[PDB]
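Residue strings, one per chain:
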Amino acid sequence: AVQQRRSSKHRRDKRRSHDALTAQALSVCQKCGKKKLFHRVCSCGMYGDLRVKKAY
Amino acid sequence: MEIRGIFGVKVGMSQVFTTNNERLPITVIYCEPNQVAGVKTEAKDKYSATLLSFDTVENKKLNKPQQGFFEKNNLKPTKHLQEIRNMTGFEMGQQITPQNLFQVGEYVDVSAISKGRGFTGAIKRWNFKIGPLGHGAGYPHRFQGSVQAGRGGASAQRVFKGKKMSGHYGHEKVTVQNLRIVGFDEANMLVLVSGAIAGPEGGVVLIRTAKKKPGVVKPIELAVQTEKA
Amino acid sequence: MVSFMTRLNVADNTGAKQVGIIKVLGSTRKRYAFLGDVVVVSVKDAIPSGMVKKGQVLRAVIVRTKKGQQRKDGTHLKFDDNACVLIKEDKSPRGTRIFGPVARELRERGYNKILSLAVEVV
Amino acid sequence: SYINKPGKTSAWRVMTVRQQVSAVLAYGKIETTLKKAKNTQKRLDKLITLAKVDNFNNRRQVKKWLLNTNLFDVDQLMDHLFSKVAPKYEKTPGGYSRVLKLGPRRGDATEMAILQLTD
Amino acid sequence: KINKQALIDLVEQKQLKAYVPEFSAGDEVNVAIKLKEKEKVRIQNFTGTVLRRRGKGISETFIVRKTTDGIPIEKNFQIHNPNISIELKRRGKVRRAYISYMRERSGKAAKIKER
RNA sequence: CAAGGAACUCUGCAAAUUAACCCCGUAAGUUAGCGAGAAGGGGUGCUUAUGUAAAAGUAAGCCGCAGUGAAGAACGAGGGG
RNA sequence: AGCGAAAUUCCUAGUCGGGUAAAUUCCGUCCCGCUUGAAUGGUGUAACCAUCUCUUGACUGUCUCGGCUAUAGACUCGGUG
RNA sequence: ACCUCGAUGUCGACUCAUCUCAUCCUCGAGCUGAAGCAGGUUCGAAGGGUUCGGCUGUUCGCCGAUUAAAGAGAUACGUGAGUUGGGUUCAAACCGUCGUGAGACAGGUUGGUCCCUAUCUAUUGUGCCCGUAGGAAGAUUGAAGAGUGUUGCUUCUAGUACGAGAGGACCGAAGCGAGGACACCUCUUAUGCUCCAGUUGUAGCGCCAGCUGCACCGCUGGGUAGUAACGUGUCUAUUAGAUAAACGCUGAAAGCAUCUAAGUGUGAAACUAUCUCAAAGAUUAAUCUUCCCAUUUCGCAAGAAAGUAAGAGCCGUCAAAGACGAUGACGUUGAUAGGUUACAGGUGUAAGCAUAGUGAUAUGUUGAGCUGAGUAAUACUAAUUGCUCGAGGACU
Ligand SMILES: O=C(N[C@H](CO)[C@H](O)c1ccc([N+](=O)[O-])cc1)C(Cl)Cl
């Protein structure tokens, strides 16, 4: 159904207290200076000392 | 109490036969010699219990404090550690083989964590009958059951404490008692116990002396096949 | 296996052709009747010959179940149709000879007069 | 809740995996989602390890999963498979393909990944 | 350590037999069964036709059909069971490892014997 | 979807069984038109030959759990208002 | 006149017979028809009714007694809201 | 006529119930016009169950057959923000009656809309943060608790005690049941959508053969693991303590008699545990084992910045888990997932070929071929030469 008394700003704040997004982990590529994702390739391609994509 | 217990891994269910032309399904448990880790002296802590460990692994694969604890008492590095109340007469540093506890056919009980089920309705959890599927149904026709015990301000406003509801099932420690084990294998280190055995195939299973019938035996001896070329 | 309000064949010379269940015996709400369990039943249609006609109700013993049950040895008995045998009150039957095979499980409850007058047994 | 798209079906999954493995055999590098790439890797490996014999029976058996592409026809890919793919693998058992995790997009922010063959 | 999952076969060697004949769906078979209700064991013969054979290393079981008074009888037998013996008298041509058509046909439909 | 087969339910509601073609066979009652496609059964595959112009039909042989193989096509008999 | 506990009958869950294990509903009768009744029509009637009602053959999850798979949601994530 | 007309949705059925004892049954005991079985009645006892159908819209009520009986009741005569609507009861119309009329009559008669995506409380499961005056990993104890608590049939004692015959035990033992619960899926079936084989139509792969798409999965017949019941086990029992009713000693108030005043006993599915389950957020924050620790010392000595160094967390391969989180195993020091190899199980004679026929086809090569998720090894592929929090214990 619907609410019978209005929800206060305190109620919504306590409800959204869990809204904070997590800090995603990063990693530094071994040949292209940049902060890429983790277990993931960067904009150059060398996921390791091994490539896969052409340029992007 | 003469309660004694040994751990193992239940690996499969397969029936074996015996004399009297009787059928009895059996379940196979890979056993393992369990090392004594300690004994709580009855006068020292007001309760008597025996703590053991099993499922040995690589020493460095275990965490530091348990490795140091096993180093102090020269206990084999193991992965599982548990105790049983009222188990008496087993000093530290001793190895146990399953032939010291149970006879060929005495009463046994078996405990294990129940196999997983995930979330499920009360229909599959409390044997609640399915609603009428004919002569008009309504979009709800598989429901948890009515709960209201009254209407008004004299016998109402409350939902009963701990009443059956659609919730989690399985993955809980359960035990089945009055079991008659039938097969020993010291040359192969396995046991075969009658009846259905709880727990997922490959989990940890604990075999103890049942308190239901405190050690009364009735042997079951196998009958070898007679027809051959 | 066998449930409430079930019509089955007549395997003995009593004159009836179809037998209908009235209620399973034993304790209340047994909800089933297996081999050897006595059940109160009635006749559906009968030939003019015989000691029982339409209207009367009797107690019978189930001798054939299609689903079957597993014996304690490992041999699970099976049958195609369902049959039964009629008595009056006692173990003696109301018919002289019985058509069709009868299971051995009756020996676990008695009824030796029934088996002694059969053509084939398990 | 009526009038619903047909959605994902078992036949749809077979069609999708056939299309993806045909495309991979055609080019060799495919940018897709992680889940479908992982699903089609099994069929890719099976086809590659089956192609190692070059007999009529297996070539008939691989026609079931095969499908033509934009640059090469049915027979083109069929010949290419046993001409310049199968002979390149004779001592390495399995693992003829691999996957790497790309970044997420912005339109739907799904999980994107690249799939390539063995160097 | 680790488990093999073949210990099911390893332990089952205590109850096994290597004198069971081969038969799938149509070979004419006979079963001799021993019953213990007195001091003397009673012997019963049961001839008929095969329905199904299934098992891995101990669940090997089979189904035998016969007819009596125009009524068919299906009986299930465990191959590894004391005081149960099996024999083959006339094998026949079949097209499926499992059959279920005999449950509605009886007589004038016997299995053709192969070469 | 095993067995039971309407015991559920106010009521066989819903759902399922008969489905297409061809060939046998079909009652009470009646305003003699009907009821009737009543009811109740049989055959349909492939190949060969006989076959008209095709299809028919026939005889022989072959395959299978089934052969309008799927798809689309009447569940009926009664007495009463 | 005809018909009659009928769509009309309140005491009525009226009597009897039947079909079933059990029949306030059903059908043929009986009739102090409280208040039936012949143009606000009575009675019978062949065929028909997406009509109401009852028995019953095959049929099946309506049920004894529930289960499995599949989708599209439902659940998490991204964009709008 | 006291809250409700600015709406607290009424009968009955289904499911789900919970509670009282004026007890239906099991159980304890007394009295008897209780020889014994079966009985009639008063007190104790809420632990559990309290049947299936026909007529019926129904609760009733009647009847049929069983059972231990078919409990009396209570909760907005429980349970429409869970289902329907058979009806009082809506707009159409029938008849009967009433009315000179529109029309009316729990008089009966056929049809007929049941809205609402969950805020708070409560309950069922399940997480993050913080706390437990060091941090972390493990193993415990029990504070308060929850569920389980039904009986029948057959035989022996024993045709004994009993009664003249008829008839037939208390007390006990054993076997077999039903109901319900707990599990499990080897055996039996159910499902088993990238599993196997036959197979029609149609259009393709140029064509024959053979394969694919589509026709509910095209249909059919089976069938891997897992999930499931009708299949398989176990449970319902047992004993201890204090007691209700009842049954007693010794013994007097009342020289007797007498269970009560003292002391000392017997005694029920009730009660406390013995059974099972969870449990230190038991703040009244418990116990034990192991592991980490000592960088004088710098602002307003204020334990201030070098500040884990044990471990945990971020991310990933995953399932023994699984809506999400967790839980559990594993991250090149590796067997965590995928692939390969081999085997298992299922399907049942793959495709081509030769032979016989003329022709659909049959035989041998063929216990062949095929096969998601089963099992054991395999670094071949994927988990990197990545990041954060986290130790000198205010005092006893
Ligand atoms: O009016 C209703 N309920 C009223 C509210 O004032 C009240 O609850 C009520 C319910 C039933 C009733 N009755 O059955 O006679 C009378 C009043 C509903 Cl029908 Cl909307």
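Residues numbered from 1 in each chain as written, not as in the entry; some residues may be left out. Chains lettered and ligands numbered in written order. Part of a larger assembly, values for the part shown. Heavy atoms only, no water.

Structure determination for the deposited model, as stated in its record, used cryo-EM, and the stated resolution is 4.9 Å.

Under the annotation held in the PDB entry, chain B carries the name 50S ribosomal protein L3 and is attributed to Mycoplasma pneumoniae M129. For this entry, the PDB title field holds "70S ribosome with A- and P-site tRNAs in chloramphenicol-treated Mycoplasma pneumoniae cells". Quoted verbatim from the Function field of UniProt, the annotation for chain B is "One of the primary rRNA binding proteins, it binds directly near the 3'-end of the 23S rRNA, where it nucleates assembly of the 50S subunit." In its Sequence similarities section, the UniProt entry covering chain B states "Belongs to the universal ribosomal protein uL3 family." (UniProt positions renumbered as here; feature names shortened; annotations may be inferred.)

By the naming in the PDB entry, chain A goes by 50S ribosomal protein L32 and is assigned to Mycoplasma pneumoniae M129. Of the comments in the UniProt record for chain A, the one headed Sequence similarities reads "Belongs to the bacterial ribosomal protein bL32 family."

Chemist: Kindly report on the protein's contact with RNA strand G, identifying the contributing residues and their values.
Modeler: In the vicinity of RNA strand G lie 26 residues, with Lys 124 and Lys 129 of chain B, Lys 54 of chain C together with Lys 5 and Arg 13 of chain D positioned nearest. In RNA strand G, atoms within 4 Å of the protein come 80% from sugar and phosphate. At a separation of 3.3 Å, a phosphate oxygen of RNA strand G approaches a polar backbone atom of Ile 130 of chain B. Elements represented by at least two residues in the surface near RNA strand G include exactly β2 (16-24) and β3 (38-46) of chain C. (Near = heavy atom within 4 Å. Polar contact = N/O pair within 3.5 Å; in protein donor to acceptor, adjacent residues only side chain to side chain. Helix = DSSP H or I, 4+ residues; strand = E, 2+ residues; numbered from the N terminus.)

Chemist: Help me get a handle on the state of the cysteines, residues and values and all.
Modeler: Every disulfide links exactly two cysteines, by a covalent bond between their sulfur atoms. Residues and elements named next belong to chain A. One pass over the structure, following the stated rule, counts one disulfide over all chains. Between the sulfur atoms of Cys 32 and its disulfide partner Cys 44 the distance amounts to 2.0 Å. Since a negative S-S torsion denotes a left-handed disulfide, the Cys 32-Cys 44 link at about 115 degrees is right-handed. Of this pair, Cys 32 sits in the loop between β1 (27-28) and β2 (35-36) while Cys 44 sits in the segment after β2; the two residues are twelve residues apart in sequence, bridging distant segments of the chain. (Disulfide = S-S within 2.5 Å.)

Chemist: Run through the pairing of strand β1 (residues 5-13) of chain B, naming residues and quoting values.
Modeler: Residues and elements named next belong to chain B. Of all nine residues that make up β1, seven are buried, and the element is covered over most of its length. The pairing of β1 with strand β2 (residues 26-31) spans five bridges and is classified as antiparallel. Considered in β2, the bridge of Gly 8 is made with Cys 31. (Buried < 20%, exposed > 50% of the residue type's maximum accessible area, 1.4 Å probe, protein only. Pairing = 2+ DSSP bridges.)

Chemist: Describe the packing of aromatic side chains, with residues and values.
Modeler: Here the structure, examined in full by the defined rule, presents six aromatic pairs over all chains. Ring centres of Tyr 89 of chain D and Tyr 96 of chain D lie 5.1 Å apart, and the angle between their planes is 65 degrees; on these two criteria the pair is classed as edge-to-face. Residue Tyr 89 of chain D shares its accessibility class with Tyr 96 of chain D, and that shared class is buried. For the pair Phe 23 of chain E and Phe 62 of chain E, a centre-to-centre distance of 5.3 Å together with 75 degrees between the ring planes defines the contact as edge-to-face. With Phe 23 of chain E in the loop between α1 (7-12) and β1 (28-35) and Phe 62 of chain E in strand β3 (residues 61-68), this pair connects stretches of sequence that are 39 residues apart. A relative accessible area of 5% places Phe 23 of chain E in the buried class. A relative accessible area of 1% places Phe 62 of chain E in the buried class. Cluster of aromatic residues (ring-pair linked, three or more members): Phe 23, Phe 62 and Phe 77 of chain E. A cation over an aromatic ring shows up here: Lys 30 of chain C above the ring of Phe 34 of chain C, its NZ or CZ 5.5 Å from the ring centre. (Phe/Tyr/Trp six-rings, centres within 6.5 Å; stacked < 30°, edge-to-face > 60°. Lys NZ or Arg CZ within 6 Å of the ring centre and 35° of its normal.)

Chemist: Describe a nonpolar patch on the surface, listing the residues and the values that go with them.
Modeler: Together, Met 1, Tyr 32 and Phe 34 of chain C make up a nonpolar patch on the protein surface, roughly 260 Å² of accessible area in all. The topology assignment puts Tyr 32 of chain C in the loop between β2 and β3. (Patch = residues over 30% accessible without salt bridge, like charges linked within 9 Å, V, L, I, M, F, W, Y side chains within 5 Å. Areas by Shrake-Rupley, 256 points an atom, 1.4 Å probe, with all protein chains shown as cover. Salt bridge = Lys/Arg side-chain N within 4 Å of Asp/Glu carboxyl O.)

Chemist: Tell me what's going on with the environment of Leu 25 of chain D, and back it up with residues and numbers.
Modeler: All names here are of chain D. Turning to its location among the elements, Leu 25 is positioned in helix α1 (residues 10-26). Given a relative accessible area of 9%, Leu 25 falls into the buried group. Distance in space between the C-alpha atoms of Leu 25 and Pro 104 is 25 Å, their sequence separation being 79 residues. Ignoring any residue separated from it by four or fewer positions in sequence, one finds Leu 25 in contact with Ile 48, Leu 66, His 80, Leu 81 and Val 85. (Contact = heavy atoms within 4.5 Å.)

Chemist: With reference to specific residues and values, describe the interface of chain E and chain B.
Modeler: Interface size is commonly expressed as the accessible area that is lost once the parts come together. Counting residues at the interface gives 24 residues for chain E and 22 residues for chain B. Linking chain E with chain B are one salt bridge, by the criterion used here. Note that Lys 14 of chain E is salt-bridged to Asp 185 of chain B, the shortest N-O span being 3.2 Å. Summed over the shared surface of chain E and chain B, the number is four residue pairs in polar contact.

Chemist: Which residues make up the pattern of salt bridges, and what values go with them?
Modeler: If you walk through the whole model with that rule in mind, you get 14 salt bridges over all chains. Here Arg 40 of chain A and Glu 111 of chain D are joined by a salt bridge, their closest N and O atoms 3.8 Å apart. Taken together, the residues span two chains, with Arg 40 of chain A in the segment after β2 and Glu 111 of chain D in the loop between β2 (97-101) and β3 (112-117). A relative accessible area of 27% means that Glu 111 of chain D is categorised as partly exposed. A network of salt bridges, in which partner residues are shared, links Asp 27, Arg 91 and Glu 114 of chain E.

Chemist: Tell me what's going on with unusual backbone geometry, and back it up with residues and numbers.
Modeler: The phi angle at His 171 of chain B is positive, at roughly 55 degrees, despite the residue not being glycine. With phi around 65 degrees, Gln 5 of chain E is a residue other than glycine that occupies positive phi space. The topology assignment puts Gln 5 of chain E in the segment before α1. Judged by relative accessible area, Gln 5 of chain E falls into the partly exposed class, the value being 49%.

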